[PDB]
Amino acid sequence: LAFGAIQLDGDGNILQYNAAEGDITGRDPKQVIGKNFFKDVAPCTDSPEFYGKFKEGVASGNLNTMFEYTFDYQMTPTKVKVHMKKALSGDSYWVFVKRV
């Protein structure tokens, strides 16, 4: 499948969410955009190795990291590879997701 892609602001609010990501997770993009990724849609990502690294990277202005993660919240459990990095646009961060 095509990468899943999510664009977040620095607080973790979902600004963009593509169809491929919804195919991985079962989420309808229009129902999650505008909600908080870490505190509402994806609470299983509220961990030091995901959310904690996100916040560090937002703070430092240097976010660019890759890691494996399990997406198992209100979906058939799926191992994924995550790449999060700062965007070019203002107050924007990308999360790219591939099944592994």
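Residue numbers run from 1 along the displayed sequence. We call the rigid core whatever largest set of C-alpha positions still superposes within 1.5 Å between the two forms.
Comparing 74 to 82 with 20 to 28 by root mean square Cα distance to the shown form in 8 other deposited structures of this protein, with the rigid core used for the fit, gives 74 to 82 as the more displaced stretch.
Annotation: of the segments 84 to 92 and 11 to 19, 84 to 92 departs further from this form in 8 other deposited structures of this protein (C-alpha atoms, root mean square over structures and residues, core superposition).
Look at the mean CA B-factor for 61 to 69 and for 33 to 41 in the entry; the higher one is 61 to 69. In this entry, the higher average B-factor at the C-alpha atoms falls on 49 to 57, of the pair 24 to 32 and 49 to 57. Per the deposited record, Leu88 carries the highest C-alpha B-factor of all listed residues (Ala19, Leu15, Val82, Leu88).
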